[PDB]
């Protein structure tokens, strides 16, 4: 029984989360710091799984194991509210998201059926330095918590969470950041997804979007039409020579927000250097040869379930967008043009950072999904979406 709204959450018992070092939903936080001290001895044994299931760390450099994980998520990972769409993270995207600098094999935590070896559960941690108000902490980012549909409501997700917690504790890390579509104890920030149609005909045909209150299809196509080429002078894809300045621009830009990553130059290379069908980054190189702005978005398609003709939606997700000379509105306008050029059906963006300054103007429509942001074992006051400066995959 997961809770999507805060109303349905207030009427919920959290048997598992009540046992965890996170604030309760009711309380308001007036302080900053760990919920509980660091542990100086850690459980050495993996947590017990139900009979017939076993832990297995997944070597994602093995193409067959990576494909098993692709399939687990492709068939059992997050769906929309109406069970019409499901994320379809590609194998090569999963490698990008799960092997950033400092990744550890034991943090790719799989569950298998003992007899068949079928992969039926997964959770992941990756290291990340996180800036939270006035504190910088080494943390992990938790992602890809997935339980096979046939294994659900058997309390496997709490075991996955305790096991990854244990394995992260063994490396001396006691805080984590993560997001969820559901409300849990206790969001540090609530962000709302917005959507910018790029191929409205397809979106309406697959019932991803619907025709607005008093609008025809022909009108909808004209409303969402875009230029063929971006307009910003000197926009071009990011190259290796840009890694330092992109790191510099990002670091300085993120200082205005209250929850942000702190990336090394190697992490900037990993997260932004373009990879086709995974991550796109375009820089603005001005008339003096200086990079002054950049935009980026990652590729995350979805499966269209039970549909005879259209099988997939290609979605771009706004990543980090840094402006110092080009107006953010123009940057995001060129982002839409580039996504359209690259075959995307929709461009998604959260209402975090300064995104509210362009969402409505660029004809984004509000979504039905909130993205809650959470910290494990860290108390701090909650913040508005515009102070959240962290984007995950």
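For clarity, a rigid core is taken as the largest C-alpha set superposing within 1.5 Å between two forms. Positions refer to the first chain, counted from 1.
More shifted region, core-based fit in 8 other deposited structures of this protein, 310-318 vs 258-266 by CA: The answer is 310-318, which departs more from the shown form in 8 other deposited structures of this protein.
Residue range whose averaged C-alpha B-factor is higher in the record, 20-28 or 365-373: That would be 20-28.
So 153-161 or 292-300, which one's hotter by mean CA B-factor in the entry? Comparing averages over the C-alpha atoms only gives 153-161.
Highest recorded Cα temperature factor - choice among 348, 41, 324, 51: 51 has the highest C-alpha B-factor of those listed.
Specify which of 306, 76, 265, 281 carries the largest Cα B factor in the deposited PDB entry. Answer for 306, 76, 265, 281: 306, with the highest C-alpha B-factor.
For the chain shown, is the CA B-factor of residue 244 in the lowest, middle or highest third of its modelled residues? Bottom third by C-alpha B-factor.
How does residue 108 rank on Cα B-factor within its chain, lowest, middle or highest third? Tercile = lowest for this residue's CA B-factor.
Residue 46 CA temperature factor, ranked by third within the chain: Answer is lowest: the recorded C-alpha B-factor places it there.
Place residue 269 in the lowest, middle or highest third of its chain's C-alpha B-factors, as listed in the PDB entry. Answer is lowest: the recorded C-alpha B-factor places it there.
Using the B-factor values recorded in the entry, state whether the Cα atom of residue 193 falls in the lowest, middle or highest third among the modelled residues of its chain. Middle third.
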